[PDB]
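J.: so I've got this experimental structure, pasted below with the sequence.
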Amino acid sequence: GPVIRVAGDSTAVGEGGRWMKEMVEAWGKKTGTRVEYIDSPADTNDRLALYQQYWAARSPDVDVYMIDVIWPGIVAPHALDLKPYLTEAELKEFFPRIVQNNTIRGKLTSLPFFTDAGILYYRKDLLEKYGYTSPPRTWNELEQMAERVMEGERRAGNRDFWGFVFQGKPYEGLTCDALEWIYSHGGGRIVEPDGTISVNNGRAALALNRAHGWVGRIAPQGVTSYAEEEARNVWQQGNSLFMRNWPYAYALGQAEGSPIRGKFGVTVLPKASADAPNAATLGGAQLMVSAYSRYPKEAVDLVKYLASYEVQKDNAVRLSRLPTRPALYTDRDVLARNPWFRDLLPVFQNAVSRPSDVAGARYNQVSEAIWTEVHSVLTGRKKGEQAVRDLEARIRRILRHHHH
Ligand SMILES: OC[C@H]1O[C@@](CO)(O[C@H]2O[C@H](CO)[C@@H](O)[C@H](O)[C@H]2O)[C@@H](O)[C@@H]1O
C-alpha cells in the first residue's frame with residue numbers, strides 16, 4: 001500500500017528530528033501505513049532551498065512537509081488547501097493568529113504544529129553567586145551583569161566562560177535575533193505590516209551598534225558564526241551566564257547529565273528602556289500536505305495526527321516546545337513540567353513577527369538582506385548607521401513593485 005514520506009525538522013537540532021520521525025512511525029503503526037522520514041539540514045533557510053527543489057520538480061517523493069511560520073506566502077502553490085478537511089470547530093482549537101498566518105488568499109496552507117518565541121535563558125546559580133536577585137530587564141543591565149560575572153568566573157579559572165551567547169551567523173536566525181534587538185530599542189519592525197520600510201532610524205542603528213559591542217567582549221568572537229546549537233552548546237556546558245534562544249533548549253538543558261540541570265530560568269528578553277516594547281520574535285512550524293502528493297487523504301490524516309492534542313502535548317512535555325492549541329497551556333502535565341509556559345504566555349502572545357506577511361513570496365530575499373547587513377555590523381565592517389541605510393536601500397529594491 002502507499003508509503004507516506006515526510007520531511008520536517010532536523011536531526012542536527014536538539015531532539016526535533018528524532019522525535020518527529022518517532023511520531024511519524026507511531027502514526028504508521030497505529031493506522032497500518034508504511035512511512036519514511038527524510039532528514040533536513042539544521043538551518044531553516046537551508047531547508048527552504050532543499051524543499052524548493054522537490055517543489056520545482058513537482059516531486060511526489062515527499063507527501064508532508066514541516067514548514068516555517070515565515071513560509072506560507074512562499075510555499076502556497078506547493079500546498080494542498082486543507083480548509084475542506086477540517087470543520088470550523090476543529091480549526092478553532094488552534095490560535096487564530098497562526099491559522100490566519102497560514103492562510104494565504106483564502107487557502108489554508110498548513111495546520112499549526114508548534115509556535116515559538118525568542119527568550120532569555122539565565123544562570124540562576126551564577127546570578128545569586130554575584131549578588132543579583134533578578135534577571136536583567138534592560139540591555140545595559142545584561143551587559144553589566146555579564147561583565148561582572150565573566151570577570152569573576154574567568155578569575156576563578158574558567159577560561160571557556162562568556163557572558164552572553166546568541167545567534168550571530170549569517171542566516172535566518174540572525175534575522176530573528178536582530179528583529180528583537182531593533183524592536184526592543186523602539187526601532188520598529190524593519191518592514192512594517194503596512195509596507196513601510198522603517199529600519200533607517202537612529203534606534204535601529206543603536207540596536208545594531210549595541211550588538212556589535214558584545215562581540216569578542218561579553219560574547220565570543222565566534223558568535224558571528226553561531227546558529228541555535230552553537231549557542232546552546234556553550235550555554236549547556238555551563239559556559240554562558242545568558243543565552244538568547246528558543247523554547248526547545250529548556251528541556252535539553254534539564255535532561256539528566258546536562259551540566260546545567262536545575263541551574264537556570266527563562267524570562268523575556270531585555271529592552272533598551274522601560275517604555276520600549278518587549279521583543280520576542282515569533283517562530284514556529286506548520287504541517288503542509290504537498291500539492292504533489294499522490295496520497296492526499298492519507299497525508300491529511302497524518303497531518304491531523306501530528307497536530308493533535310496528544311502529539312502536541314508530547315512535544316510540550318518532552319521537548320519543551322510551545323503548543324499551537326490554547327487548551328494545552330492549561331494542561332496540568334504541560335504546566336508542571338514547564339511552569340514558564342504560563343509565566344511567559346503573554347510574551348508568546350505578543351511575539352513580534354518578521355515581515356513575512358508583507359514581503360510574501362519575496363520574504364527570503366528580504367531576510368537575506370537583513371541578515372547580511374546586520375552581520376556586517378556584528379563583524380565591525382559597518383556601523384549601524386550605515387548598515388540601516390544600506391538595508392533600507394536593499395529592501396526598497398527587493399520590494400519595489402511587490403504589493404500585499
Ligand atoms: O526545526 C525546528 C526548530 O528550529 C528552530 C531553530 O532551531 O526554529 C526557530 O528558529 C528559526 C530561525 O533559526 C525560525 O525561523 C523559526 O521560526 C523558529 O521556530 C527551533 O526553535 C525549532 O524547535
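T.: That came through fine. Numbering: from 1, shown residues only.
J.: now do stretch 380-398: distance to the chain's middle.
T.: Counting by Cα atoms, centre = their mean, to the nearest Å, stretch 380-398 is centred 24 Å from the centre of its parent chain.
J.: the stretch 51-200 of the chain: helices as residue ranges?
T.: Using DSSP state H, counting those that start in this stretch, the helices of the stretch 51-200 of the chain run over 72-75, 88-91, 96-101, 124-129, 139-155, 172-184.
J.: could I get those helices as TSV with mean neighbour count and distance to residue 288?
T.: For every residue, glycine as well, the C-beta is placed using N, CA and C. Shown next, in TSV, are these (neighbours: other Cβ atoms under 10 Å; distance: least, Cβ to Cβ, whole Å):
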stretch	mean neighbour count	distance to residue 288
helix 72-75	23	7
helix 88-91	11	15
helix 96-101	17	13
helix 124-129	15	39
helix 139-155	17	37
helix 172-184	27	18
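J.: quick one: which of the ones you listed is nearest the ligand?
T.: The ligand sits nearest to helix 172-184 of all the helices of the stretch 51-200 of the chain, at 3.4 Å, using Cβ to the nearest ligand atom.
J.: please identify the buried residues of the next helix or strand after the closest one?
T.: Using DSSP states H and E, the helix or strand that follows helix 172-184 in sequence is helix 202-212. Across helix 202-212, burial judged by 16 or more other Cβ atoms under 10 Å covers 203, 204, 205, 206, 207, 208, 209, 210, 211, 212.
J.: against which helices or strands is helix 202-212 packed?
T.: helix 172-184, helix 363-378, helix 384-399 (3 or more Cβ pairs under 8 Å, 6 or more residues apart in numbering; DSSP states H and E).
J.: okay, the first one in CSV with CA atoms only?
T.: Extracted in CSV, the C-alpha atoms of helix 172-184 (Å, rounded to 0.1, in the frame of the first residue of the first chain):
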residue,chain,number,x,y,z
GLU,A,172,17.6,33.3,9.2
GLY,A,173,18.3,33.0,13.0
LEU,A,174,20.2,36.3,12.8
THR,A,175,17.1,38.0,11.3
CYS,A,176,15.2,36.7,14.3
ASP,A,177,17.9,37.9,16.8
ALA,A,178,18.1,41.3,15.1
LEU,A,179,14.4,41.9,14.9
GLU,A,180,14.5,41.5,18.7
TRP,A,181,17.3,44.0,19.1
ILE,A,182,15.8,46.6,16.8
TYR,A,183,12.2,46.2,18.2
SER,A,184,13.3,46.3,21.8
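J.: closest to the ligand among the buried residues of helix 202-212?
T.: residue 211 (16.5 Å).
J.: and the strands in the chain?
T.: Taking DSSP state E as the criterion, the chain contains strands spanning 3-7, 34-38, 64-68, 103-104, 107-108, 111-117, 119-123, 162-165, 240-245, 264-267, 282-289, 322-323.
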